[PDB]
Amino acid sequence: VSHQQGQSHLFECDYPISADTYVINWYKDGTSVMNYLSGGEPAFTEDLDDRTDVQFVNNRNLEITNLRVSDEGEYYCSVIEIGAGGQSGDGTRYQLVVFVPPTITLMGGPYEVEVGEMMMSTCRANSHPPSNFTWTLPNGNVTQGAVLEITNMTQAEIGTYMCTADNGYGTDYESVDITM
């Protein structure tokens, strides 16, 4: 399940609780990030320690109201019923994705090139997951990879070059002219 940064997500503890007294834990990648004893107060731990944007709702469910990329991971609750006939088990496991669409920045040059000289340009992008890159040359040809390289500048190489960055959660492009 995916969201962008700053958005909320609520994980449901869907284990059938039937005891008057019980303990709930929420786990992130196998480590407890919240513990709760029925009738008490939820205590948030580890990655969720010192976060003001976390909530325990309906005495069951975990909510993070200001998602960060670092919040990504697998979440599930474990329930322990206290007293006679008391059972224990886990809720459904959820995989949280917090994505950031690509925004490109370009590093390199020169973009004005002497005949017979060279240039290099590295396309980069702020994103999550990390993006895949291509360069599109003035002739439409698509090159795979973040690095654009011209080794022997000719009248044939002058034109508009376009980087594209795509991480499955959005796309960005940026065009620059290479001239003599």
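All residue numbers refer to positions in the sequence shown, first residue = 1.
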Look up the CA B-factors in the entry and say which stretch, 110-118 or 128-136, has the higher mean.
110-118
Taking the deposited Cα B-factors and averaging over 148-156 and over 60-68, the higher mean is found in 148-156
Tertile call for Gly168 (CA temperature factor, within chain, third-based) is the middle
When the modelled residues of the chain are sorted by Cα temperature factor, does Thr103 land in the lowest, middle or highest third?
lowest
Tertile call for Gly89 (CA temperature factor, within chain, third-based) is the middle
Sorting the chain's modelled residues by C-alpha B-factor and splitting them into thirds places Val79 in the lowest
Based on the deposited C-alpha B factors for this chain, I'd like to know if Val142 is in the lowest, middle or highest third.
highest
